[PDB]
Amino acid sequence: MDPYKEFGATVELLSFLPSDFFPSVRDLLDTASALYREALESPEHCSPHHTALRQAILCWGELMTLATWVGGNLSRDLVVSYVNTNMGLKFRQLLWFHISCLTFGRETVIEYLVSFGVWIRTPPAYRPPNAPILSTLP
Amino acid sequence: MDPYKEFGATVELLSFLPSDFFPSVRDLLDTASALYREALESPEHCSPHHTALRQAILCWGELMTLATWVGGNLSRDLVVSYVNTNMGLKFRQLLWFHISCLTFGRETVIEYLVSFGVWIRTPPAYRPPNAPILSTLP
Amino acid sequence: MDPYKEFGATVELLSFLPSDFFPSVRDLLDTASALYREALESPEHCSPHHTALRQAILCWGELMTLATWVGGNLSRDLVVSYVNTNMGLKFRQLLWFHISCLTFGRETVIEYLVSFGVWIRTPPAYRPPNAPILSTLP
């Protein structure tokens, strides 16, 4: 049931990250298209992450088609707000997780999640001035 | 961007068969839950078919959640007919394809699909009336 | 510790078979008496199936005893319909499962169950004209 269970992660772990941290769905889609598109349409997945991303992108496209249709119906403002609040967060979270895992590695994403949770659970007095501003180490 | 391209099949290939041939979504969900529930709850995917099934089930559940919301939030029946119209067919087709691949094998599904397609398509203008009986086997 | 854990199957697996498929309980009793009566008589089992069948038979006899008692003691004769339609269906399902496992083999019963589920899921238009009419195959 857990989409992250295959990769060793759980929603219990990802609950540490606030929703606002995740970038917009458009940005994640742009990053995926720029980086791993040719892998996505490759006949061979080469990774479970590729299959997961393909399924997620298709589901997001179906959701966008449904949103456009319900916009044609009648009203779409509250509907799209709802999809952003509930579906939007889950999809952007999953896409960010998969893109990060492809970029750096599943385990690297794991300790990054752990460190970010440690930082956020730390009160500001004890807390470092800046959260780990994630960037690949050259 | 083609769900079946990794699995060899194409959307046209599954479009060879009539849309109504695919069973109800609820029956497919019951079949998956009875057959491969513990497999899909495993911490490891064990196959691309499994992973795609995980995301398909999650997507269907989330879409049904949105359907309940829109039933409670702003045309109540037009949207729930539309979900069954186009993308609901996509879920049922995808679920049937993946369940069949997991049960009888990918190539068995492919050959069964093409067999029923050639069973149906050919015009009887000078096609002999001798037509065998459709069947599916493991 | 599933009621079919040592038998491999699950109740959800038996959920596919419609209730009408399972024959009347009298037929199952006659089949058991004709085939495995002498095996059941000995306190030694020769198989877990024999022990399970003996327990089911004893419980079912107790159920007729209680049904007749309630007809006499304590809708007095309407409760027989209640008990049959509520758990006599489960009892006959279990009896059919065990008899079929004894005769054809447990695993053979398994693929018969999955094939019958696939058949019944198929809409009648493209469904094979006959369901697998399971008899004692050579």
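Residue numbers (the deposited numbering), protein chains in the order written: chain A, 1 to 74, 221 to 284; chain B, 1 to 74, 221 to 284; chain C, 1 to 74, 221 to 284.
We put the CB at the ideal spot given by N, CA and C, even for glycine.
List, in chain order, every chain B residue whose beta-carbon is nearer than 7 Å to that of residue i.
i	result
A/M233	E62, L66
C/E12	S33, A34
A/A56	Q55
A/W69	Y228
C/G263	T31
A/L224	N73, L74
Going by Cα to Cα distance, which pick from the options is closest to residue i?
i	options	result
A/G61	B/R273, B/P3, B/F16, B/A277	B/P3
B/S246	C/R267, C/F237, C/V226	C/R267
A/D27	A/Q239, A/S227, A/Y272	A/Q239
B/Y36	C/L283, C/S19, C/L13	C/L13
C/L29	C/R222, C/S221, C/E44, C/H244	C/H244
C/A271	B/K5, B/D20, B/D223	B/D20
A/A9	A/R252, A/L53, A/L224, A/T231	A/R252
B/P43	A/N276, A/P275, A/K5	A/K5
Cβ atoms of residue j and residue i: under 9 Å apart, would you say?
i	j	result
A/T31	B/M233	no
B/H49	B/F7	yes
C/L259	C/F22	no
A/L248	A/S47	yes
B/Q55	A/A39	no
A/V255	B/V70	no
C/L283	C/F262	no
B/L63	A/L63	yes
A/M1	B/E257	no
Decide if residue i is buried, meaning its Cβ has at least 16 other Cβ atoms within 10 Å, or exposed.
i	result
C/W242	buried
A/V264	exposed
B/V11	exposed
B/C59	buried
residue 208 of chain A	No coordinates exist for residue 208 of chain A in the structure shown, because the numbering of chain A passes directly from 74 to 221.
residue 211 of chain A	Position 74 is followed directly by 221 in chain A, which means residue 211 of chain A is not present among the coordinates.
C/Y228	exposed
How would you list, in chain order, the residues of chain A whose beta-carbon sits under 7 Å from the beta-carbon of residue i?
i	result
B/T51	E6, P48, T51, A52
B/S221	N73, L74
Which bits of chain C does residue i rub up against, with CB to CB less than 8 Å?
i	result
B/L280	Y272, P274
B/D27	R267
Residues of chain A with CB closer than 8 Å to the CB of residue i, please, in chain order.
i	result
B/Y36	Chain A residues near B/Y36: none, gap ~12 Å exceeds 8 Å.
B/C247	Correct list: empty, because the minimum Cβ distance to chain A is about 13 Å.
Using a Cβ cut-off of 9 Å, pull out every chain A residue sitting near residue i, in sequence order please.
i	result
B/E257	Per Cβ cutoff of 9 Å: no residues; B/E257 is ~19 Å from chain A at best.
B/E253	Here the premise fails: no neighbours, minimum Cβ distance about 15 Å.
Within the same chain, show all residues whose beta-carbon is closer than 8 Å to that of residue i, passing over the 5 residues directly before and after it, in chain order.
i	result
A/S24	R238
A/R273	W265
C/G72	none
Got a sec? Which residues, its chain only, sit under 6 Å from residue i by beta carbon, not counting five neighbours each side?
i	result
C/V226	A67
A/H45	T51
C/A277	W265
A/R222	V70
A/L235	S19
Applying a beta-carbon distance threshold of less than 9 Å, which residues of chain C neighbour residue i?
i	result
B/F21	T268, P269, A271, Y272
Any C-beta of chain E sitting closer than 9 Å to the C-beta of residue i?
i	result
B/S24	In the structure shown, chain E cannot be found, because the protein chains are A, B and C.
Within its chain, find whatever has a CB closer than 7 Å to the CB of residue i; leave out the 5 residues flanking it on each side and keep chain order.
i	result
A/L74	none
Which residues of chain B have a Cβ atom closer than 8 Å to the Cβ of residue i, listed in chain order?
i	result
C/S15	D30, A34
A/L40	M1
Determine the chain C residues that contact residue i at a beta-carbon separation under 7 Å, and present them in chain order.
i	result
B/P43	The contacting residues do not exist; B/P43 stays about 21 Å from chain C at best.
Could you tell me whether any non-hydrogen atom of the ligand SAM is closer than 8 Å to the CB of residue i?
i	result
A/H244	With respect to the ligand SAM, the structure shown offers nothing to examine, as it has no ligands at all.
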